[PDB]
């Protein structure tokens, strides 16, 4: 109940497809290959914890954050902080 995961994620992200996100969101993302990338251009700093994965991921709101150690498969990504809603995309390459 305390872990962002298959039973409580509220949004699903599609590869390269931007969506509006807010602090508290728990996002399902499936990475087939390559390296996870988190991109945003709203100018809002955001931070992410991946369940059973890298934590303390930060994006400052003007480009892509590379997340080198995220596993392939279904990832559950909690948005831990964001001062306001912001457009983000999850990608991998």
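Residue numbers count along the first chain shown, from 1.
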Mean temperature factor over C-alpha atoms, higher-scoring stretch between 19-27 and 68-76: 68-76
If you rank the chain by CA B-factor, which third does residue 2 end up in: lowest, middle or highest? highest
If you rank the chain by CA B-factor, which third does residue 38 end up in: lowest, middle or highest? lowest
Compared with the other modelled residues in the chain, in which third is the CA B-factor of residue 52? highest
Chain-relative CA temperature factor third for residue 60: middle
